[PDB]
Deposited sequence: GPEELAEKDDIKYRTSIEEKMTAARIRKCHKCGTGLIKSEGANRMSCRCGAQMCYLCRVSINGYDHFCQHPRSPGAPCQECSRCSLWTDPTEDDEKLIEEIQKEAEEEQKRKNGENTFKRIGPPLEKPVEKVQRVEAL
């Protein structure tokens, strides 16, 4: 029936949101970042890395080595304090939406989520 159409659509909508929101591992609060470093401080007091989403205890989690502009760190593979994940997450969200709309076309002879 139409109930399955709703169930599929909302599951995609919630996956699209999961790609964007960072949930605090301590308290479960949904977070997003306006600007700044990737070291987040939740209102519960716990810190987290905005990139890998793990709980952390300070700036030691991140690569703190000098870098050459346009090059990755040659001393470690740690999360970067400065890189903005927005574009990568938007690309994931848009591929999910694109594929989902193609699936609903196959199923039901319509867009999902906000337009581009």
Deposited-sequence ranges lacking C-alpha coordinates, in sequence order:
1-5, 115-118, 126-138
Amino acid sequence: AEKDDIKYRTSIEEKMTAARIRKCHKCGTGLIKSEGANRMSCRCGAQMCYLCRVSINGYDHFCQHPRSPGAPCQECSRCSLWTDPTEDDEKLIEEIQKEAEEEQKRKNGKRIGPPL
From here on, numbers count along this sequence of modelled residues.
So, looking at the entry's B-factor column for Cα atoms, which has the higher mean, 99-107 or 14-22?
99-107
Would you tell me which stretch averages the higher CA B-factor in the PDB entry, 68-76 or 47-55?
68-76
Third of the chain, ranked by Cα B-factor, where residue 87 sits:
middle
Ranked C-alpha temperature factor of residue 34 among modelled chain residues, by third:
highest
